[PDB]
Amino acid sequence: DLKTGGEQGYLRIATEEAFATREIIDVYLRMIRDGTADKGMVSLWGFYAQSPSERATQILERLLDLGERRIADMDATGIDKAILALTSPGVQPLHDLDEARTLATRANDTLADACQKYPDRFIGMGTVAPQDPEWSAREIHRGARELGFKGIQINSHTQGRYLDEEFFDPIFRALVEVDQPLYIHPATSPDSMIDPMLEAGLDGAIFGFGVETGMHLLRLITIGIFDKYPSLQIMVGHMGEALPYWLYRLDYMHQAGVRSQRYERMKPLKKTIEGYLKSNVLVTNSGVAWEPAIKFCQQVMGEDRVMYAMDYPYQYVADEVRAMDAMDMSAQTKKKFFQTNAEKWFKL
């Protein structure tokens, strides 16, 4: 009943879809075994790489496939195209920079090969190693120029450091050079923040992911990244990591802090936070197959700035696709949401 081909009036383009490489998962296992994994890696990957639960075992199998099985799963849910990225946390936590760069290179080449096999079904976002910003700049260019990628995904913090530090500037410089978006995908919080969430079972997708990622996007807005780089587009999933809902409070309290000189890293910005959401931030509904939240975000940010995403294989649910197809939205809005926003912002 869910079919590819666009007969219902739009293609379904899923914009936050994950894969893994066996060798990178094996590094996570090595780090867990040797005690160099952070608490988030132990929690997240200690569970999915080892748990006998149905959910974990199917996730791992699906993550690792970039071929016929993935295509069959897409076909079964009417998903025409998937924008693919190496699953969080990528190579960001790795302590050996040579290893991180080598494995990122291999993951990027593996993804490029899969997109070359299925160029009408798979679209790639590159993975990088922000612990080396200039290498990451090189890899942004290589992905854009040689591999056919449409941007990059960064899995939030790198070893507890955030992208608003000047150190990471080459990444943004390069994204603006190639004119591609950055998708800031969640990760577990760093060890500096995770403990109260971890103890309650809240460190992952239920809560901690949104804390980490919303914080990361907010700190980039408030350091002025979009004044420095006015063309830059940053995408986030999960209905904007709560920021659209918080918007009134974000702007009120941001302004209060700026005027009162409360913080060194909070100085005047050229736009309000609302202004940046309307011009520089893009959101997907990954994990949020929920009409009132989607409509809220369309209203606040503009319906051109909200895109469909499935979050395969972490949230692979045929009934969610059906619920999205059935929303009380005009045909014209629905086609933007499922297809034409992604075509614009990813330059498909």
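Residues carry their position along the shown sequence, with the first being 1.
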- Query: So which stretch wins on mean C-alpha B-factor, 319 to 327 or 43 to 51?
  - Reply: 43 to 51
- Query: Between 112 to 120 and 234 to 242, which has the larger average Cα B-factor in the PDB entry?
  - Reply: 112 to 120
- Options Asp251, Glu212, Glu264, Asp191 - largest CA temperature factor per the record: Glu264
- Item | Options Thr222, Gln255, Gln131, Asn155 - largest CA temperature factor per the record | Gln131
- Query: Hey, what third does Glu17 fall into on Cα B-factor, ranked over its chain?
  - Reply: lowest
- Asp98: C-alpha B-factor third of its chain, per the entry, is the highest
- Taking the entry's C-alpha B-factors for this chain, is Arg138 in the lowest, middle or highest third? highest
- Message: Using only modelled residues of the chain, where does the Cα B factor of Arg33 rank: lowest third, middle third or highest third?
- Response: highest
- Message: Split into thirds by Cα B-factor across the chain's modelled residues, where does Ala104 land: lowest, middle or highest?
- Response: middle
